[PDB]
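One chain comes next, on its own, written out as structure tokens in the form deposited in one PDB entry.
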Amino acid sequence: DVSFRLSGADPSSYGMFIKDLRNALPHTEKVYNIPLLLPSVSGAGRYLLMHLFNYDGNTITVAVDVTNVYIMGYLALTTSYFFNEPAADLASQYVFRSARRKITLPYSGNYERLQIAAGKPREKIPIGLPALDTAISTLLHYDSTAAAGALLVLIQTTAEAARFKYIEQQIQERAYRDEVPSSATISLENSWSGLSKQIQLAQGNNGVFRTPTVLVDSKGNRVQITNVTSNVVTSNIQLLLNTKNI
């Protein structure tokens, strides 16, 4: 399992949590020196437990599918909560069975359904450490509309940060002040599968992408990623979704 505490958190302890989150995801292979996520893991070993503690020390346990860094649901006190999707329903066979009751959230876990549910695009939702603290707090007591916002914040702060060094650094900057994610952050979240695929295709194609990946950069304008010499490949992405899951 991995644990992160908001109390006393700072850019460093957060970096250590995301490090720990990355290192908890199993891989047998590195493709261009990036850990390649497994095609599948059967039964209960498929799910990483993240113990998150708000500033008060209240806690939730989040279950993450180790093959795609996809949050499936969480446990708050004696209630489990799972997204309304088959993968999460499958996950509820394995994690948090000790929960007194189980609530299936009225949405899947994808960004589009979460945003509709939250009433805001994640462009307009501040993130950072104080926001993760809020999110953990919200998730402690069921409220499906508020939880959708809290989940968008939680996805971005833990999974998307594990997947991209740039997003981990975005959050580290937002250790004590939330701020909506940069467009570059949104571009990376949305491009992960894409990049994961083209990194893998590049092996066999001389480090060249079969199809370029359009991103937005820090300064704000589109940029086309075409091979593995690109910074986003050499420095930024930290985990590759296996093409068997794309």
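Position 1 is the first residue in the sequence shown; the rest follow in order.
Of the two segments examined, 214-222 and 49-57, it is 214-222 that shows the higher average Cα temperature factor in the deposited entry.
Remark: stretch with higher mean C-alpha B factor among 116-124 and 166-174 is 116-124.
Sorting 104, 98, 79, 134 by the CA temperature factor given in the entry leaves 98 at the top.
Ranked against the other modelled residues of its chain, the C-alpha B-factor of residue 64 as given in the entry falls in the lowest third. In this PDB entry, the Cα temperature factor of residue 237 sits in the bottom third of its chain's modelled residues, the lowest group. Residue 108: CA B factor in the middle third of modelled residues in this chain (values from the PDB entry).
In this PDB entry, residue 16 carries a Cα temperature factor that places it within the middle third of its chain's modelled residues. Sort the modelled residues of the chain by CA B factor and residue 92 lands in the middle third.
The discussion below concerns the form deposited with a partner chain bound, not included here.
Proximity of residue 170 to its partner chain in the entry with it bound falls within the 4.5 Å heavy atom cutoff.
In the entry with it bound, its partner chain sits within 4.5 Å of a heavy atom of residue 218. The closest non-hydrogen atom of residue 179 lies within 4.5 Å of its partner chain in the entry with it bound. Of the heavy atoms in residue 21, none are within 4.5 Å of its partner chain in the entry with it bound.
Only one of 170-178, 108-116, 129-137, 145-153 places residue heavy atoms within 4.5 angstroms of its partner chain in the entry with it bound, namely 170-178. The listed set 231, 12, 227, 224 contains one residue whose heavy atoms approach its partner chain in the entry with it bound to within 4.5 Å, identified as 231.
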